[PDB]
Amino acid sequence: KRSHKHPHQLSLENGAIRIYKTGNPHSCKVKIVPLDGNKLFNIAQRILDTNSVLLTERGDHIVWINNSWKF
Amino acid sequence: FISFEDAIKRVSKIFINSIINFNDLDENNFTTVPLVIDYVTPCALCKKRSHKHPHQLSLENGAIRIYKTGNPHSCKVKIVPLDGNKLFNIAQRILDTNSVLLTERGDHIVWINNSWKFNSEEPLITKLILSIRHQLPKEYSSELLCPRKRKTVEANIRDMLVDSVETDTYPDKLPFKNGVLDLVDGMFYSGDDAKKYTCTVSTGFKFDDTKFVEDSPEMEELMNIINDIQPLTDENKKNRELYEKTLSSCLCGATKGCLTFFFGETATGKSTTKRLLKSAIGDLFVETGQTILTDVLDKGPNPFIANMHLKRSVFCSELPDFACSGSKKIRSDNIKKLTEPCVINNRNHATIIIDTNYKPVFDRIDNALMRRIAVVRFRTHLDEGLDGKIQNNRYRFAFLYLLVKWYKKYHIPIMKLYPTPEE
Amino acid sequence: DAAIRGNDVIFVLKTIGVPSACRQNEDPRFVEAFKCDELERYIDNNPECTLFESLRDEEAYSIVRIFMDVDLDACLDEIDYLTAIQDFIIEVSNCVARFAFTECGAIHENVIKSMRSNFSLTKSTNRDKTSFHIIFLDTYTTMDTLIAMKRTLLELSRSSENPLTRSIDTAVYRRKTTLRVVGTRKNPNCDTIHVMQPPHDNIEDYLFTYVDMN
């Protein structure tokens, strides 16, 4: 569409974040996003975001410990 | 269905607050009597505060629906459906997308990151299940965060996959690592548009349309070079066609049962065309020596017999002269037993092509060999800049345009090569 | 195959529960055939009529569009209605595409593309009830494929939990099926009818017996 002259709006329902267009809701798409999920999944996400574990073409897993890559 | 007691437990679990008329609920009047909820905390359906109307339950399609008397928009409708497993539903939905398939080889192929990949020592199915969780409904998304549940879904997917399919069926499509190029007109499918083509191989590099254009000096000087190689001379009038055809047949995906030999003298760009073709193809193009053609390939180990698996074209050169006494001439039995459509699931479509500077000699000759002998020769006799052009490989797409045009002229009408028994 | 043969005449029953003998003899008071313009003119002239769409001969031409109906006895707000219908379309399209790839031998991607390309919505004037019929314009299929798809759709309706999905009335995949014409009264003394949507203003898109391959 073009610029969505009607402003968007936010809501929370059952722990899910919902985005919808005000005015005519049929002129856009309503989106839903989960909030947190599992705690261990969040820990895995945080660990992966540090780029400390990598996968090579050969199939190896390399980690960054004590200022050195090892496998 | 399930026992009524499990249903009562489920509806009681649905509502956070307690039920004061639970004892009044029976198996024969559970859809008529209203239920009164002790509203000490907001209900899970809608927060609000202290609903003043009792709710009610209805049984349709093997599901229990909760609806609040009065205005319907006050409280959200809740449904307890499908007394049964949820992970089976998730496995069904995942299989419905045709993202995982089974092949006769015994392994599975998975569609990840716009690529078909198969590998039997890693859990690709679990990776697919984790990745595809966004396309599923919200309530199914949080169910796949536990690895044990992912293993259960993977087991369900494995059990419900009985039929087997065969990959690499269309010989008229050349795969890339990020899509598939087509031979009918020369336009590049990208993304899910290439999903229908079950391709398990790739050229190893991107395809970009910017260099695949016609108005540029690069391929103009490319035809300049090839005219320096194959000029439009009467002596080449018979050669050109077949030569062009052979190059275009380098791109074909069907099995090749016809040999192709190039005869010429030293310093005659015959080795240069190897580089022009290999830069144009990539990893699919493969080299070979004289070790395998003159030796029995069915005796002892042969890594090349395993290696040609889904190779696109194979090139043989630097052949020593076989006319010398004591030099072991070629074995035509080999040249018979690679021309078959399969050399133990050895799917083979690599075009055999040979550059030699000597007249071949055969131990024994019949109609069969001469029926599948084709010969082509080159006519001219130094520009080192094009060598750098090839090493840094800016001349790919300009050359594949010539292959595609030649394929249009010759191979689109029919997939067939015409040999020349004359020599 | 069919090629030139394209259905354009609208066959209509003017009363539910027509006698069989009257149907075989083409009773003018129970059985009729209009065109698109004729049908809209007939509807416009008589707003109290009861017209019901069905086929005439199933042994010669049985090419129709893919139709299902939904009915929840619960009013819902707008945004949840949009989410429910989008989940409905994605589920049903994926399911029928899988069925076509498996049993019909078709190709999944073009089926999902054609079915997600265009679709029409209806609505009911009732304030406590939400019922609607969806018809897919660029999908064509025979009767036997539909009765085979009946079992698949019924397990899908049992399996899912979305409120719009659980109301798939599976019985409409039967021999000699009939569907109420949109904008027409159901009962002689009932004011509840169906209304159009802004996306589609043409009645030809609301009839499944009209076949026009583009």
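Residues numbered from 1 in each chain as written, not as in the entry; some residues may be left out. Chains lettered and ligands numbered in written order. Part of a larger assembly, values for the part shown. Heavy atoms only, no water.

Looking at the method and resolution fields of the entry, one finds cryo-EM and 2.88 Å.

With respect to the packing of helix α6 (residues 217-229) of chain B against helix α13 (residues 396-410) of chain B
Residues and elements named next belong to chain B. As a reminder, the rule being used: Only C-alpha atoms enter the line fits that serve as axes; for helices the fit covers just the stretch in contact. Angles between N-to-C directions range over 0 to 180 degrees. What counts as a helix is a DSSP run of H or I of at least four residues, what counts as a strand is a run of E of at least two, and both are numbered from the N terminus. Put simply, angles under 35 degrees are roughly parallel, angles over 145 are roughly antiparallel, angles from 65 to 115 are roughly perpendicular, and the rest are oblique. Each crossing is labelled by how the near helix is turned from the far one, with a counterclockwise turn of less than a right angle marking it left-handed and a clockwise turn marking it right-handed. Two residues qualify as a contact provided that any one of their heavy atoms is within 4.5 Å of a heavy atom in the partner residue.
Where α6 contacts α13, the two axes come as close as 10 Å, and the packing angle between them is 65°. Overall, the two elements α6 and α13 adopt an arrangement that is roughly perpendicular. Remark: the crossing between α6 and α13 carries right-handed chirality. Between α6, through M219, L222, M223 and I226, and α13, the contact on the second element is made entirely by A398, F399 and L402.

Focus on the state of the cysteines
All names here are of chain B. Threshold: The disulfide criterion used throughout: a pair of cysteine sulfur atoms within 2.5 Å. Only protein chains enter the calculation, and the probe is 1.4 Å; a residue is then buried if its accessible area is under 20% of its type maximum, exposed if over 50%, and partly exposed in between.
Summed over the entire model, instances satisfying the criterion amount to zero disulfides over all chains. Its sulfur unpaired, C46 is 3.8 Å from the next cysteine sulfur, which belongs to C75. Classification of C46 by relative accessible area gives buried; the value is 13%. A disulfide-free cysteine, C342 has its sulfur positioned 17 Å from the sulfur of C252, the nearest such atom.

Notes on a positive patch on the surface
To keep it simple, the criterion reads: Note that patches include only residues with greater than 30% relative accessible area and no salt bridge, and the join distances are 9 Å for like charges and 5 Å for nonpolar side chains (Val, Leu, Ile, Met, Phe, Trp, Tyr). All accessible areas in this document rest on Shrake-Rupley with a 1.4 Å probe, and a residue is counted as covered only by the protein chains that are shown. The salt bridge definition used is simple: a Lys or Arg side-chain nitrogen within 4 Å of an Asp or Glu carboxyl oxygen. In this charge count, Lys and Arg are treated as positive and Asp and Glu as negative; neither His nor the chain ends contribute. Charged groups are reduced to one reference atom each: NZ for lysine, CZ for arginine, CG for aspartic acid, CD for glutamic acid.
Side chains of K150, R151, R174 and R175 of chain C sit close together on the surface and give a patch of like positive charge. Within the element layout of this structure, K150 of chain C appears in helix α5 (residues 143-159).

Looking at a negative patch on the surface
Residues and elements named next belong to chain B. The grouping of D228, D383, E384 and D387 at the surface amounts to a negative patch. Residue placement: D387 occurs in helix α12 (residues 385-392). Residue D387 is classed as partly exposed on the basis of its relative accessible area of 44%.

Things to note about the packing of aromatic side chains
All names here are of chain B. For clarity, the cut-off: Ring pairs shown here join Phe, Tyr and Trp side chains whose ring centres sit within 6.5 Å, with only the six-membered ring taken for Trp; geometry is labelled stacked below 30 degrees between planes, edge-to-face above 60, and tilted in between.
Scanning all chains against the criterion turns up 19 aromatic pairs over all chains. With centroids separated by 4.9 Å and ring planes inclined at 45°, the aromatic side chains of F207 and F397 adopt a geometry described as tilted. Among the residues examined, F207 registers a relative accessible area of 11% and is labelled buried. Centre to centre, the rings of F285 and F315 are 6.3 Å apart; their planes meet at 45°, and the pair counts as tilted.

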